[PDB]
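Bear in mind these aren't lab numbers, they're just calculated from the coordinates by the rules spelled out. Neighbour counts are summed over all protein chains in view; Cβ atoms, including those assigned to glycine, are modelled from backbone coordinates with ideal geometry.
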Amino acid sequence: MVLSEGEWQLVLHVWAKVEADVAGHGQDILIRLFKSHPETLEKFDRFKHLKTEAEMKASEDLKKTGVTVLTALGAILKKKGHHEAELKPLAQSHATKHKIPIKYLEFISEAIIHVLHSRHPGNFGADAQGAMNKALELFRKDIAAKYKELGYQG
Ligand code: HEM
């Protein structure tokens, strides 16, 4: 697929707002994901054991991870589709080391869209959410194809 420049614009406009507070968005998004789909918390051996949302809000490890996840996702979005190189190393560690099914990448995409919507309603109307969804679907389709070349297609 291919996003038009206008869609990339909408995606990068709201992402510039996320970048004013990367660690807070990172926490929100992972917590939203773990609440919604608790099995996804088991993939994180570092803080699998956190039982409540309050614990998750107080975990420094969870917050550092969220910043790593969002920074890598922002570097991929900023490429505007030309992300081949950024994807490689990513697809390799998630398919071979962490083993994250494509399905989980769908759950976190849902979580990202929920948080942008709650935090940025004025910059995240229908057209911008559609564009963000296209950009995340694109990312998932390219990573799934890479999983396949790597022997995982999960
Ligand atoms: C927008 C989606 C995602 C991006 C861009 C992202 C990016 C990353 C990055 C850059 C790292 C560090 C380097 C490496 O290990 O490759 C990482 C580690 C990790 N990711 Fe992902 N990730 C995404 C989704 C997920 C999801 C949905 C899960 C789990 C359900 C997940 C599980 C992990 C785990 C377990 C690690 C190790 C954390 C630690 O021990 O350091 N990731 N991810």
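Taking all Cα pairs closer than 8 Å and separated by 6 or more residues, the relative contact order of the chain comes to 36 percent.
Each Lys or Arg adds one and each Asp or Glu subtracts one; over the other residues with Cβ under 12 Å from the Cβ of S118, this totals +1. Charged neighbours of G66, selected by a Cβ distance under 13 Å, balance to +1 (K, R count +1; D, E count -1).
Excluding same-chain neighbours fewer than eight residues apart, the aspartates and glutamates reachable from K88 by a Cα-Cα span under 14 Å are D142, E149. Summing charges over all other residues whose Cβ lies under 11 Å from the Cβ of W8, with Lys and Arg as +1 and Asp and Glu as -1, gives +2.
For the chain, adding -39500 (n - 2.57) for each run of n ≥ 4 DSSP H residues and dividing by the number of residues yields -22500 deg cm²/dmol at 222 nm. Using the Cβ-Cβ distance between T96 and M1 with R0 = 22 Å, the FRET efficiency computed as 1/(1 + (r/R0)^6) comes to roughly 0.25. Straightening the chain between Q129 and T52 buys 24.8 nm, computed as 0.36 nm per residue apart minus the Cα-Cα spacing. Treating each Cα of the chain as one equal point scatterer and applying the Debye formula with no solvent, the log10 of I(q)/I(0) at q = 0.09, 0.20, 0.21 Å⁻¹ comes out as -0.28, -1.39, -1.49.
Given their separation in residues at 0.36 nm each and the Cα-Cα distance between them, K80 and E137 gain 19.2 nm when the chain is fully extended.
Structure remark: mean-square fluctuation, Gaussian network model of the chain, C-alpha springs under 10 Å; the largest value among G122, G66, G130 belongs to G122.
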